[PDB]
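Structure first, commentary second.
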Amino acid sequence: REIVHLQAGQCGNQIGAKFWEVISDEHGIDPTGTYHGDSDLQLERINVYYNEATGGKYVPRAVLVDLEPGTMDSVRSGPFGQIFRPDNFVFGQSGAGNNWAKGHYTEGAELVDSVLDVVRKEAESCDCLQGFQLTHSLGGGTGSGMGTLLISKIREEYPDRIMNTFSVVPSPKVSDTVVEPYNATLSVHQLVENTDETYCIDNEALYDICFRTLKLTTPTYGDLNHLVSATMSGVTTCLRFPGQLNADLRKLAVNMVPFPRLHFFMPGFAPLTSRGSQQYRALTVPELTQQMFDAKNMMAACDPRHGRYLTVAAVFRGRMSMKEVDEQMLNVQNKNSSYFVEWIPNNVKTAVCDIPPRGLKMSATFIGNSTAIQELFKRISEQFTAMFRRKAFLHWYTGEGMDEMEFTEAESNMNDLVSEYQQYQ
Amino acid sequence: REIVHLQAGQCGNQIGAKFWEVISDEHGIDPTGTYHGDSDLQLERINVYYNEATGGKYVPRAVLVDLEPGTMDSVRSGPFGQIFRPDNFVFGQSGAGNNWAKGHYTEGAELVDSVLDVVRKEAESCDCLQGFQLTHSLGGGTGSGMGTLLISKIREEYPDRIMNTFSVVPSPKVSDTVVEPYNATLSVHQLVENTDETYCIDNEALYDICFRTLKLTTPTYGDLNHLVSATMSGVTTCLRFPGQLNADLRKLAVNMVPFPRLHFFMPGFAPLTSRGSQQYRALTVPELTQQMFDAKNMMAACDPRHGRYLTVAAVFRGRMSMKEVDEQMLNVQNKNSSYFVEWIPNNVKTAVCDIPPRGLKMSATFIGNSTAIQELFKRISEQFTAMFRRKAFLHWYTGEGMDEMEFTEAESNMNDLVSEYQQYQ
Amino acid sequence: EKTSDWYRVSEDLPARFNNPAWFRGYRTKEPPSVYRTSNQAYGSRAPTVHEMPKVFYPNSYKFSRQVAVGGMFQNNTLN
Amino acid sequence: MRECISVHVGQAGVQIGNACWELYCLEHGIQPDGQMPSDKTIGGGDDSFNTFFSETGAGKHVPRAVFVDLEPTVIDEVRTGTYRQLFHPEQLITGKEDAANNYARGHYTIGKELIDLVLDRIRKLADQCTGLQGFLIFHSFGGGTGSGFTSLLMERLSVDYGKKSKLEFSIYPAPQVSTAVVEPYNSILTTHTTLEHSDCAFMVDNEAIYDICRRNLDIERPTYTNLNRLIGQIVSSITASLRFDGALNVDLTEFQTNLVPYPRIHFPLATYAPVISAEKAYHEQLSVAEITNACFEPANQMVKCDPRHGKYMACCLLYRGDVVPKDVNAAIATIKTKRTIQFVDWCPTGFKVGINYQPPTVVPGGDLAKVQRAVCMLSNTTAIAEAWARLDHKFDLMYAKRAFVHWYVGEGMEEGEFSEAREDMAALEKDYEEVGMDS
Amino acid sequence: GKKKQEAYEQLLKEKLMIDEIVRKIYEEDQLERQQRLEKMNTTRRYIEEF
Ligand SMILES: Nc1nc2c(ncn2[C@@H]2O[C@H](COP(=O)(O)OP(=O)(O)OP(=O)(O)O)[C@@H](O)[C@H]2O)c(=O)[nH]1
Ligand SMILES: Nc1nc2c(ncn2[C@@H]2O[C@H](COP(=O)(O)OP(=O)(O)O)[C@@H](O)[C@H]2O)c(=O)[nH]1
Ligand SMILES: Nc1nc2c(ncn2[C@@H]2O[C@H](COP(=O)(O)OP(=O)(O)O)[C@@H](O)[C@H]2O)c(=O)[nH]1
Ligand SMILES: [Mg+2]
């Protein structure tokens with residue numbers, strides 16, 4: 001089993017970088033390429049996210065892609081930087097002024113041809129290919145746009161591998177770009193098109209998580225990005241470490257996504273305690289379920305207590321008993337009866353790996369398709385509606401080769417989904 | 001078995017000046033001519049490319065032809081240029097002028113007799129000669145004009161001996177000689193019925209592979225001569241070293257020339273890294289086979305993706321099994337079979353040699369007969385006829401004994417040459 | 001360096017098979033070199049005690065050769 | 001006495017041979033270069049060398065082989081290698097220029113330069129032998145000297161020794177995996193020799209022995225060495241009776257009249273049985289039963305072809321080692337009891353057997369494990385027309401557009417011959433299909 | 001086998017025999033460079049004295 005990682009965009013690339021460290025340490029590769037680790041349960045599956053390099057060296061399977069050249073230098077000049085291969089750092093010249101357009105019809109194009117060539121070598125090399133993977137935002141031509149292109153093109157050359165975009169949905173309060181509403185709407189259509197499990201994360205929630213559970217006094221994008229790194233490291237765990245109830249990326253999808261169109265899920269790490277309560281707490285399978293469901297954790301800003309929980313998953317890591325997991329999972333499915341659709345309740349999917357996260361008796365990740373995501377695709381649609389009506393900052397998107405109908409087809413797809421969700425509440 | 005080396009022109013002399021460096025880098029000959037004892041399989045077949053001298057010293061069988069002593073003031077003053085024998089240094093007093101007519105008709109006869117005398121004297125000192133070989137320039141006049149005068153002269157008294165040439169072909173994008181399409185369409189008119197095999201060397205192909213792949217900051221003509229000499233030493237490796245499936249220069253042409261007017265080929269050297277990417281790459285067979293199809297490391301500047309391969313041969317140097325040589329090559333037959341001719345499931349020669357060059361555990365070089373040569377030929381014919389229609393640069397040829405019937409017959413079989421590629425596409 | 005100590009001897013195999021140290025015509029362990037042809041792997045290492053066949057059943061025509069000379073018994077005699 | 005000149009023509013042969021003569025020396029005690037490392041003058045009544053090694057007059061035990069190849073590169077490697085002092089300088093004939101993949105440069109132009117020396121050596125190597133059972137030609141059924149010179153020699157070996165025998169262990173142009181592009185051609189024209197001046201062609205395709213190393217053995221990424229040692233053990237098992245003793249031994253003449261039926265269908269197969277690598281053996285019981293059942297198993301045939309597409313005409317089973325006669329008969333029963341393995345309507349008994357006594361020789365530094373049992377099942381099958389089909393089809397995808405045909409015609413071979421060849425195989429093709437039809 | 005060795009030292013004896021006279025060519029070639037330069041200057045000093 002193997003999985004490529006196409007970090008496109010700044011949000012994406014910087015997220016990809018931190019993730020590669022949280023994937024290295026766990027496996028044991030050092031900030032160069034040598035295995036200076038411990039057990040064999042750390043090199044028995046370095047074939048998945050990693051490759052091989054003459055002389056006990058391990059290059060990450062990645063196709064770093066972004067326009068503004070600066071991004072790549074930052075990654076290289078970062079920590080685990082030289083690990084990435086030089087001929088996979090495919091970057092561009094002129095940047096895309098946060099225009100979903102430029103990165104899909106203008107700049108992206110010239111590079112997209114090349115990006116797919118580097119991505120080809122990576123995939124063509126390995127025989128099996130569980131699925132691809134992409135890390136992007138949803139509010140700039142780099143990640144939101146160029147990506148949707150590097151997902152469409154990829155899905156049409158490889159239409160059987162599990163795609164998985166850990167996108168960062170646009171935010172409600174903590175905004176940053178005024179063309180963000182547009183950037184996102186014109187994008188969700190392409191994700192709702194062909195993406196197996198688009199895990200949606202929201203800067204807002206991640207922030208609160210760092211201001212109540214991590215009690216951090218000042219969360220810098222470093223920390224905020226680390227939390228998402230844990231989720232990117234807790235879905236592919238059953239693919240690179242032993243387990244008592246294995247569950248790879250594909251399985252998770254089949255036993256999660258109900259109809260082939262609800263592929264927007266929310267994340268959640270488990271033992272995320274402040275440094276002043278790790279002493280007062282007792283990691284026990286139970287205590288790893290309250291800090292697992294409690295709205296706060298869910299990193300998407302869509303309190304599931306509003307809508308219903310379509311299908312819930314829990315890829316618990318660590319060394320726990322499954323009678324305990326199974327029970328402390330049923331207690332939930334039962335007790336909270338409304339949320340889990342009462343008429344057709346989705347017995348939460350549970351999986352248990354053994355190799356835990358470096359320094360943490362037990363751990364777990366959470367994926368829960370919830371009929372509440374609506375209050376996220378919806379807000380981005382009210383923001384589109386407003387600006388679109390009085391054709392707002394459209395003289396830039398139209399001035400790229402895009403027409404106007406495209407925007408209406410976009411708004412249609414989004415509200416089409418909003419109903420496709422409400423029709424299960 | 002042996003092959004003599006003969007070169008005419010400035011570009012021929014400059015290429016062979018470092019060709020004799022790279023062929024003595026393998027045999028272990030210092031720039032005087034003595035052996036440096038490294039293996040018995042390093043001089044057991046040195047007869048092929050070297051001649052014995054008065055004990056210890058090994059003289060090359062090289063004859064150097066030009067109309068000026070300018071490029072011969074540097075081939076002798078080079079770091080490895082004292083090795084040549086001075087009676088083979090045949091030069092004229094007056095230069096040509098980058099023209100075919102003055103180099104083939106008026107001052108050709110004053111030097112072709114002296115060159116034909118010394119190439120016969122070396123040929124009579126042989127046990128068994130497989131053939132001759134030439135390096136020259138098509139755009140110029142000393143390498144193209146008198147160079148193809150020696151093509152026609154040698155074929156007269158050596159008909160049954162295989163004779164290949166390594167000629168640089170005129171540039172697609174940026175010209176060097178103002179009258180270079182006149183010289184090529186006269187030279188290509190003569191080499192197509194005489195040479196058993198020929199190799200196209202595009203200068204922008206050398207610049208594309210030096211910028212994108214090997215990544216020299218300031219390329220010079222030394223590194224270009226390194227790459228053309230490596231693939232020219234690599235094709236002929238099985239003559240002088242043992243191998244478990246060998247291929248001399250004569251087995252190549254019977255394998256790649258299906259029609260007597262169809263012998264224009266495409267060379268390439270497989271392992272080419274930068275100073276950074278050397279480390280992040282495991283040097284084995286599957287990484288080398290499917291990478292040769294990648295057009296970025298191709299040495300043609302006219303990709304086969306707008307053409308069709310006809311027959312391709314790769315000779316492999318080093319200790320490798322050919323199970324994975326055949327298994328990865330059939331993997332790059334069935335995955336992309338449209339660009340190959342569909343009536344042959346396996347149109348590939350695979351040849352092996354057990355002696356690799358120094359510094360590389362295994363190496364490879366390939367020769368390709370494709371359709372995209374006609375894209376070079378169609379473009380150079382319209383480049384020729386754009387200035388031939390207006391009688392532009394033509395009186396400099398008619399002043400040296402050149403009428404128009406030979407030019408209208410040089411474009412005639414060039415037009416028959418572009419006609420004999422469309423039906424095989 | 002003796003096959004009677006390590007294997008079980010067959011008591012009829014020739015004493016050439018008893019110790020393989022006499023096979024002195026093989027290579028003298030010159031590994032690592034780059035210029036080492038894959039065809040030099042033919043008999044690259046000397047056979048040891050762990051190779052020698054357990055039994056050996058040769059076809060002695062010594063009885064056959066001493067009789068097959070000339071012709072067989074023919075009755076040219078006067079009975 | 002029972003002797004057999006071993007001819008190796010072409011690089012392919014010289015290589016399979018350099019592998020055959022090590023499994024021939026190490027089988028006996030012949031040292032790398034003759035001089036049998038003797039000691040205690042106690043006699044041993046060998047006489048088992050008189051099947052492949054001829055004693056000179058000073059303990060050099062010289063081989064009765066004749067390596068021959070135009071290109072002087074594969075035959076010079078033997079003339080300066082660990083076996084430099086085994087062959088007589090003359091018995092390793094060489095040339096100067098190769099046949100560069102061309103049946104013409106093998107049976108027309110060059111060839112003639114050596115078909116007089118090679119024959120003379122085979123002659124002077126025939127008058128010193130006291131029982132020339134038959135020659136064991138080893139040629140590539142798909143290359144220059146392989147097909148070119150073999151034609152010349154095989155023809156010049158029936159216009160003289162005629163009444164004799166010529167068993168041929170040829171490499172078969174593989175289905176897909178192919179190195180030579182002028183290969184399809186260089187084969188439909190070499191059937192103009194095997195279908196006439198031969199006796200039994202144990203064709204062995206590279207592709208098959210390029211996967212049996214992956215499934216059975218674990219050797220992934222196998223080279224020619226490995227291939228040669230396996231295509232060098234079959235010849236041993238087939239030529240053991242002529243030396244080592246046992247029970248129901250089988251000479252070459254007899255191994256033919258118990259196999260090849262009508263005077264043409266004589267192209268069998270070959271399947272060594274205990275080919276499991278050491279790692280495995282430890283966990284299995286290679287017994288007469290499994291060794292024989294795992295002989296008629298699709299994924300074990302040395303030529304890429306389904307055995308379940310053709311009735312097996314005859315089957316010569318050559319066992320070696322501890323093979324209690326009873327156990328062999330048992331297997332043959334079970335084999336006919338199975339239904340997947342179908343036989344013909346013109347060979348009730350069909351299968352023939354034979355038990356030598358010597359164990360399998362374990363070439364030092366090898367992949368095949370040290371088993372106390374082994375069975376080489378030469379198998380004649382009507383399905384061989386499958387590996388024959390592909391070739392003819394590919395031939396007609398090229399000779400239909402006069403492809404790579406000048407090079408051959410130039411060296412001497414009127415295009416008329418190519419056609420005369422295509423139909424030659426049409427006959428043998430119809431033949432196999434025909435010999436399958438029943439009253 | 002010893003005759004092959006003895007023929008090898010004949011070439012090695014002959015190896016230094018050419019290297020003896022190749023030095024003599026360079027030693028001779030340097031002499032005319034001084035012979036030209038001496039004739040360069042003795043014509044100088046006498047061209048100015050006149
Ligand atoms: N199985 C096996 N086949 C081999 C081996 N060596 C060579 N071959 C076969 O030989 C073919 C290559 O052409 P050859 O028959 O060797 O050509 P050649 O004998 O050198 O004759 P010329 O090239 O004309 O001089 C390949 O298709 C292989 O099938 C080997 O070691 N094992
Ligand atoms: N959660 C999170 N958000 C980020 C990260 N890096 C950047 N962002 C935010 O994501 C938003 C989108 O940025 P992006 O679209 O990548 O900018 P662009 O590449 O120039 O178009 C910005 O407003 C950033 O504040 C990160 O590592 N984690
Ligand atoms: N690869 C390589 N090409 C060269 C070199 N010198 C000249 N050329 C090529 O030769 C072409 C011009 O040839 P020219 O000098 O007119 O040949 P001449 O008439 O025989 O002297 C140019 O397009 C150059 O690219 C060299 O050292 N290496
Ligand atoms: Mg050959």
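Every chain in the structure tokens takes a letter, A first, then B, and so on in the order presented; its residues are numbered from 1, and the ligands are numbered from 1 following the presented order.
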
Could you give me, as JSON lines, every chain D residue with an atom at most 9 Å from chain C, plus its closest atom pair and distance in Å to one decimal, counting only C-alpha atoms, rows ordered by chain then number?
{"residue": "D:1", "atom": "CA", "partner": "C:61", "partner_atom": "CA", "distance": 8.4}
{"residue": "D:15", "atom": "CA", "partner": "C:39", "partner_atom": "CA", "distance": 8.2}
{"residue": "D:18", "atom": "CA", "partner": "C:42", "partner_atom": "CA", "distance": 7.0}
{"residue": "D:19", "atom": "CA", "partner": "C:42", "partner_atom": "CA", "distance": 7.0}
{"residue": "D:22", "atom": "CA", "partner": "C:43", "partner_atom": "CA", "distance": 7.1}
{"residue": "D:26", "atom": "CA", "partner": "C:52", "partner_atom": "CA", "distance": 8.4}
{"residue": "D:27", "atom": "CA", "partner": "C:53", "partner_atom": "CA", "distance": 8.0}
{"residue": "D:28", "atom": "CA", "partner": "C:56", "partner_atom": "CA", "distance": 8.5}
{"residue": "D:29", "atom": "CA", "partner": "C:16", "partner_atom": "CA", "distance": 6.9}
{"residue": "D:30", "atom": "CA", "partner": "C:23", "partner_atom": "CA", "distance": 8.8}
{"residue": "D:31", "atom": "CA", "partner": "C:23", "partner_atom": "CA", "distance": 5.6}
{"residue": "D:32", "atom": "CA", "partner": "C:25", "partner_atom": "CA", "distance": 5.3}
{"residue": "D:33", "atom": "CA", "partner": "C:25", "partner_atom": "CA", "distance": 6.6}
{"residue": "D:36", "atom": "CA", "partner": "C:16", "partner_atom": "CA", "distance": 7.9}
{"residue": "D:37", "atom": "CA", "partner": "C:22", "partner_atom": "CA", "distance": 5.8}
{"residue": "D:38", "atom": "CA", "partner": "C:16", "partner_atom": "CA", "distance": 5.5}
{"residue": "D:39", "atom": "CA", "partner": "C:16", "partner_atom": "CA", "distance": 6.8}
{"residue": "D:40", "atom": "CA", "partner": "C:15", "partner_atom": "CA", "distance": 7.1}
{"residue": "D:42", "atom": "CA", "partner": "C:14", "partner_atom": "CA", "distance": 8.6}
{"residue": "D:43", "atom": "CA", "partner": "C:14", "partner_atom": "CA", "distance": 8.2}
{"residue": "D:44", "atom": "CA", "partner": "C:14", "partner_atom": "CA", "distance": 5.9}
{"residue": "D:45", "atom": "CA", "partner": "C:60", "partner_atom": "CA", "distance": 5.3}
{"residue": "D:46", "atom": "CA", "partner": "C:58", "partner_atom": "CA", "distance": 5.0}
{"residue": "D:47", "atom": "CA", "partner": "C:60", "partner_atom": "CA", "distance": 5.4}
{"residue": "D:48", "atom": "CA", "partner": "C:58", "partner_atom": "CA", "distance": 5.3}
{"residue": "D:49", "atom": "CA", "partner": "C:58", "partner_atom": "CA", "distance": 8.9}
{"residue": "D:74", "atom": "CA", "partner": "C:39", "partner_atom": "CA", "distance": 9.0}
{"residue": "D:77", "atom": "CA", "partner": "C:39", "partner_atom": "CA", "distance": 7.7}
{"residue": "D:81", "atom": "CA", "partner": "C:40", "partner_atom": "CA", "distance": 7.0}
{"residue": "D:82", "atom": "CA", "partner": "C:26", "partner_atom": "CA", "distance": 6.0}
{"residue": "D:83", "atom": "CA", "partner": "C:25", "partner_atom": "CA", "distance": 8.5}
{"residue": "D:225", "atom": "CA", "partner": "C:39", "partner_atom": "CA", "distance": 7.8}
{"residue": "D:243", "atom": "CA", "partner": "C:59", "partner_atom": "CA", "distance": 6.3}
{"residue": "D:244", "atom": "CA", "partner": "C:58", "partner_atom": "CA", "distance": 5.4}
{"residue": "D:245", "atom": "CA", "partner": "C:57", "partner_atom": "CA", "distance": 6.1}
{"residue": "D:246", "atom": "CA", "partner": "C:57", "partner_atom": "CA", "distance": 8.1}
{"residue": "D:357", "atom": "CA", "partner": "C:57", "partner_atom": "CA", "distance": 7.1}
{"residue": "D:358", "atom": "CA", "partner": "C:56", "partner_atom": "CA", "distance": 6.2}
{"residue": "D:359", "atom": "CA", "partner": "C:53", "partner_atom": "CA", "distance": 7.4}
{"residue": "D:360", "atom": "CA", "partner": "C:53", "partner_atom": "CA", "distance": 8.3}
{"residue": "D:361", "atom": "CA", "partner": "C:53", "partner_atom": "CA", "distance": 6.8}
{"residue": "D:362", "atom": "CA", "partner": "C:51", "partner_atom": "CA", "distance": 6.4}
{"residue": "D:363", "atom": "CA", "partner": "C:51", "partner_atom": "CA", "distance": 7.4}
{"residue": "D:364", "atom": "CA", "partner": "C:47", "partner_atom": "CA", "distance": 5.3}
{"residue": "D:365", "atom": "CA", "partner": "C:45", "partner_atom": "CA", "distance": 7.2}
{"residue": "D:370", "atom": "CA", "partner": "C:51", "partner_atom": "CA", "distance": 8.8}

For those residues, write C-alpha atoms to a file as a PDB file, in the first residue's frame.
ATOM      1  CA  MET D   1      32.146 -46.423 -24.032  1.00  0.00           C
ATOM      2  CA  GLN D  15      27.097 -19.913 -21.763  1.00  0.00           C
ATOM      3  CA  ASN D  18      30.100 -23.175 -19.277  1.00  0.00           C
ATOM      4  CA  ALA D  19      27.264 -24.155 -16.878  1.00  0.00           C
ATOM      5  CA  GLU D  22      30.763 -27.381 -14.181  1.00  0.00           C
ATOM      6  CA  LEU D  26      31.644 -31.365 -10.021  1.00  0.00           C
ATOM      7  CA  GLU D  27      29.368 -34.367 -10.770  1.00  0.00           C
ATOM      8  CA  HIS D  28      32.531 -36.513 -10.987  1.00  0.00           C
ATOM      9  CA  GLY D  29      35.730 -35.242  -9.347  1.00  0.00           C
ATOM     10  CA  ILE D  30      37.380 -33.567 -12.359  1.00  0.00           C
ATOM     11  CA  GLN D  31      39.230 -30.508 -10.942  1.00  0.00           C
ATOM     12  CA  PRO D  32      38.789 -27.067 -12.682  1.00  0.00           C
ATOM     13  CA  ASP D  33      41.468 -28.195 -15.184  1.00  0.00           C
ATOM     14  CA  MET D  36      41.726 -35.584 -10.977  1.00  0.00           C
ATOM     15  CA  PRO D  37      42.985 -34.700  -7.403  1.00  0.00           C
ATOM     16  CA  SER D  38      43.893 -38.355  -6.699  1.00  0.00           C
ATOM     17  CA  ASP D  39      45.695 -39.793  -3.626  1.00  0.00           C
ATOM     18  CA  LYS D  40      45.572 -43.280  -2.005  1.00  0.00           C
ATOM     19  CA  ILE D  42      43.576 -47.710  -3.955  1.00  0.00           C
ATOM     20  CA  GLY D  43      41.568 -48.255  -7.191  1.00  0.00           C
ATOM     21  CA  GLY D  44      38.015 -46.891  -7.616  1.00  0.00           C
ATOM     22  CA  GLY D  45      36.926 -48.447 -10.943  1.00  0.00           C
ATOM     23  CA  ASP D  46      35.411 -45.144 -12.185  1.00  0.00           C
ATOM     24  CA  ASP D  47      34.932 -45.507 -15.986  1.00  0.00           C
ATOM     25  CA  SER D  48      32.053 -42.972 -15.474  1.00  0.00           C
ATOM     26  CA  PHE D  49      34.123 -40.204 -17.149  1.00  0.00           C
ATOM     27  CA  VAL D  74      32.299 -15.442 -25.435  1.00  0.00           C
ATOM     28  CA  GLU D  77      36.270 -15.662 -21.886  1.00  0.00           C
ATOM     29  CA  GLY D  81      38.947 -18.258 -17.147  1.00  0.00           C
ATOM     30  CA  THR D  82      38.867 -20.828 -14.326  1.00  0.00           C
ATOM     31  CA  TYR D  83      38.625 -23.574 -16.978  1.00  0.00           C
ATOM     32  CA  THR D 225      23.781 -17.829 -14.749  1.00  0.00           C
ATOM     33  CA  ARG D 243      27.471 -43.140 -16.919  1.00  0.00           C
ATOM     34  CA  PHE D 244      26.103 -43.557 -13.336  1.00  0.00           C
ATOM     35  CA  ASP D 245      24.227 -46.890 -12.775  1.00  0.00           C
ATOM     36  CA  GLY D 246      20.820 -47.618 -11.137  1.00  0.00           C
ATOM     37  CA  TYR D 357      21.044 -44.249  -8.635  1.00  0.00           C
ATOM     38  CA  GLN D 358      23.398 -41.222  -8.353  1.00  0.00           C
ATOM     39  CA  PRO D 359      21.768 -38.289  -6.369  1.00  0.00           C
ATOM     40  CA  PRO D 360      21.321 -34.747  -7.913  1.00  0.00           C
ATOM     41  CA  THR D 361      24.646 -32.836  -8.177  1.00  0.00           C
ATOM     42  CA  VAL D 362      24.632 -29.597  -6.139  1.00  0.00           C
ATOM     43  CA  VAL D 363      26.877 -27.086  -8.016  1.00  0.00           C
ATOM     44  CA  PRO D 364      28.699 -25.133  -5.186  1.00  0.00           C
ATOM     45  CA  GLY D 365      27.206 -21.643  -4.892  1.00  0.00           C
ATOM     46  CA  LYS D 370      20.290 -30.551  -1.924  1.00  0.00           C
TER      47      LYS D 370
END

Check: Which residues, written as a PyMOL selection string, have at least one atom at most 8 Å from residue 140 (chain B), with only C-alpha atoms counted and residues fewer than 5 positions away on the same chain left out?
Finding: chain B and resi 97-100+145+177+180+183

Using N, CA, C and O atoms, can you export the residues from the last selection as a short mmCIF file (atom, residue, chain, number, x, y, z; two decimals), in the first residue's frame?
data_model
loop_
_atom_site.label_atom_id
_atom_site.label_comp_id
_atom_site.auth_asym_id
_atom_site.auth_seq_id
_atom_site.Cartn_x
_atom_site.Cartn_y
_atom_site.Cartn_z
N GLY B 97 34.79 28.39 -45.22
CA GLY B 97 33.76 29.41 -45.18
C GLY B 97 32.38 28.84 -44.92
O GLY B 97 31.39 29.36 -45.44
N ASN B 98 32.32 27.75 -44.16
CA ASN B 98 31.06 27.13 -43.71
C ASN B 98 30.14 26.78 -44.88
O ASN B 98 28.91 26.74 -44.74
N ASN B 99 30.72 26.53 -46.05
CA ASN B 99 29.97 26.26 -47.26
C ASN B 99 30.28 24.87 -47.81
O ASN B 99 31.40 24.35 -47.66
N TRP B 100 29.26 24.24 -48.37
CA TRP B 100 29.41 22.89 -48.88
C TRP B 100 30.18 22.88 -50.19
O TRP B 100 31.01 22.00 -50.42
N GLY B 145 31.02 19.53 -45.88
CA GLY B 145 31.46 19.42 -47.26
C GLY B 145 32.49 18.33 -47.49
O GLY B 145 32.20 17.33 -48.14
N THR B 177 25.10 29.31 -38.04
CA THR B 177 25.54 29.70 -39.37
C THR B 177 24.35 30.24 -40.14
O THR B 177 23.26 29.66 -40.10
N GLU B 180 23.37 27.75 -42.83
CA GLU B 180 23.38 26.35 -42.39
C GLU B 180 22.29 25.46 -43.01
O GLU B 180 22.56 24.25 -43.15
N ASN B 183 23.74 23.87 -46.10
CA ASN B 183 24.76 22.85 -45.87
C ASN B 183 24.14 21.52 -45.48
O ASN B 183 24.63 20.46 -45.88
#

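With only C-alpha atoms and all ligand atoms counted, the chains near ligand 4 contribute these residues within 8 Å: residues 245, 246 and 247 of chain B; 10, 11, 69, 70, 71, 98, 99, 100, 101, 143, 144 and 145 of chain D.
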
Using only C-alpha atoms, please write the residues we just selected to a file, as a PDB file, in the first residue's frame.
ATOM      1  CA  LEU B 245      24.384 -10.640 -24.401  1.00  0.00           C
ATOM      2  CA  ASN B 246      26.570  -8.421 -26.570  1.00  0.00           C
ATOM      3  CA  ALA B 247      25.853  -6.140 -29.533  1.00  0.00           C
TER       4      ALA B 247
ATOM      5  CA  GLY D  10      26.596 -19.428 -30.347  1.00  0.00           C
ATOM      6  CA  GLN D  11      27.040 -17.242 -27.231  1.00  0.00           C
ATOM      7  CA  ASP D  69      31.060 -18.959 -32.354  1.00  0.00           C
ATOM      8  CA  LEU D  70      31.965 -16.303 -34.970  1.00  0.00           C
ATOM      9  CA  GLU D  71      32.290 -13.376 -32.503  1.00  0.00           C
ATOM     10  CA  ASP D  98      29.688 -12.081 -35.528  1.00  0.00           C
ATOM     11  CA  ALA D  99      26.513 -13.025 -37.457  1.00  0.00           C
ATOM     12  CA  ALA D 100      24.886  -9.793 -36.190  1.00  0.00           C
ATOM     13  CA  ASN D 101      21.435 -11.437 -35.819  1.00  0.00           C
ATOM     14  CA  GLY D 143      19.726 -15.581 -33.395  1.00  0.00           C
ATOM     15  CA  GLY D 144      22.676 -15.530 -35.796  1.00  0.00           C
ATOM     16  CA  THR D 145      25.240 -18.311 -35.258  1.00  0.00           C
TER      17      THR D 145
END

Margin query: List as a PyMOL selection string the protein and nucleic acid residues near region 271-286 of chain B, meaning an atom at most 9 Å away when only C-alpha atoms are counted, but skip any in the same chain fewer than 5 places from it.
Written below: (chain A and resi 33+52-55+57-59+83-87+125) or (chain B and resi 209+213-216+291+297+320-321+324-325+327-329+360-365)

Taking only C-alpha atoms into account, report as an mmCIF file with N, CA and C atoms, in the first residue's frame which residues of chain E lie within 9 Å of chain B.
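Contents of out.cif, as written:
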data_model
loop_
_atom_site.group_PDB
_atom_site.id
_atom_site.type_symbol
_atom_site.label_atom_id
_atom_site.label_comp_id
_atom_site.auth_asym_id
_atom_site.auth_seq_id
_atom_site.Cartn_x
_atom_site.Cartn_y
_atom_site.Cartn_z
ATOM 1 N N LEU E 11 60.596 -5.769 -23.377
ATOM 2 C CA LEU E 11 59.809 -4.565 -23.632
ATOM 3 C C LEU E 11 60.070 -3.496 -22.577
ATOM 4 N N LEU E 12 60.242 -3.902 -21.315
ATOM 5 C CA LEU E 12 60.530 -2.937 -20.256
ATOM 6 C C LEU E 12 61.925 -2.342 -20.395
ATOM 7 N N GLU E 14 63.160 -1.998 -23.333
ATOM 8 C CA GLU E 14 62.918 -1.161 -24.490
ATOM 9 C C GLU E 14 62.033 0.031 -24.136
ATOM 10 N N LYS E 15 61.245 -0.077 -23.059
ATOM 11 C CA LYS E 15 60.433 1.048 -22.599
ATOM 12 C C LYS E 15 61.313 2.235 -22.219
ATOM 13 N N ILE E 18 63.342 4.053 -25.482
ATOM 14 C CA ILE E 18 62.698 5.171 -26.169
ATOM 15 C C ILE E 18 62.621 6.384 -25.258
#
